[PDB]
Structures are given as structure tokens and as C-alpha cells.
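Before any questions on how it binds or moves, here is one chain, the form deposited in one PDB entry, in C-alpha cells.
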């Protein structure tokens, strides 16, 4: 018979994960502490399932506190039951790992997706805006030609809106049309950061801690 005591993973054992949930989720990513709980929960559940398929021991000790956890195997040698326990633990620390990889993926992908949809709605609005303005500039060039405002007659800038664009004068008005192709699209600060979130996400590529390694 061999015994080990294992508790929730420490931060430097999950930092990589926690940072990943952070990039993706941000001010609503789960607290590191609230994650340690989740992982070690996943371990015991799985370890327990490894025990029922063997009819291995999972229980708290100390008596009335979830953590830590005491585990044991009943073998056929000191050397025998020790490593037999080591190898049934690690193999649970793989199943849960594989379960995470397959969760990270579904979270990245739903992240990716949502950011992309947001980018490509800003990028559509920005275009419909630029174009709408190009139409009102063209129509204002006509009004300004028919009334010979050839140079800007603005007393103050509050007066210049769509619907009063011809105040700018037929000349400058010619110029904004002439150069229509180099007038930048206008994007939110939100656009640039969403875009930067999307970059940081697209660059993303353990479950317990041994308080006592198994015994002789």
C-alpha cells in the first residue's frame, strides 16, 4: 500500500493557462484562485472515475475540509505499489489535460469568431460612412458651383455639417473628391483594440500539486 497527498495546482503550474483565459476573456476571465478550484475538481472527479473502473483511493483527510486530498494504491511491493500509484496519478493528469486542450480550442474559436464579427461590422459601417459622405460632398459641390462659393466662407465650424458641406467652397470640395481614395476610414478606439485582442488570441499554442509524493 502506497499513499500520496495532492492539492490544487499552484499558480506557477497554471500561469500559462490563466494567461490564456485572460487574453481571451479579460475583465471577465475567471480568477486564478477560482480556477485552481476548478482544475483540482476536475482531477478528483476523474481520479474517482479511474477508481470505479478498477472495481485506488480518493478522500480528503483532514476530515471536514475539501482540500487537501489523500490518495493510495494497494500493490504487491513497496517499489511495486509506489510507482503503480505514481503512474495512475500522472495518467489522470493527462486525461484532464486532454480535456483542457479540447476546451481552450472551443474557447479560442468562439473568441476568434466574436472578435472577427465585431471587426467586420466596424469595417462595414466605416465604409458606408465614408461613402455616404462622398455622396454628400459630390452633391454639395453642385450646390456650391451654382452659387459661386468657390472658396471657404465659414465664420465658424459648428455651421458645417452634412447638409451644409458647400460652405467649404467648390475648390476644397473638388479636392476631397479628387483625393477620395486616400481619405482614411474612421475607426473606433474599440476597433483598434478588438483588432489587437484578435492578434494576441491567435498566438496561443499541471492539474494537481504533490504535497507528498507516494510512499514506500
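Think of the rigid core as the biggest set of C-alphas that the two forms share within 1.5 Å after superposition. Positions refer to the first chain, counted from 1.
Here the subject shifts to the form deposited in another entry, a form of this protein not shown in this document.
Core-aligned CA deviation for residue 150 between this form and the one not shown: 2 Å or greater.
Taking the rigid core as fixed, one finds a CA shift for residue 180 of 2 Å or more between this form and the one not shown.
The two forms, fitted on the rigid core, differ between this form and the one not shown by less than 2 Å at the CA of residue 72.
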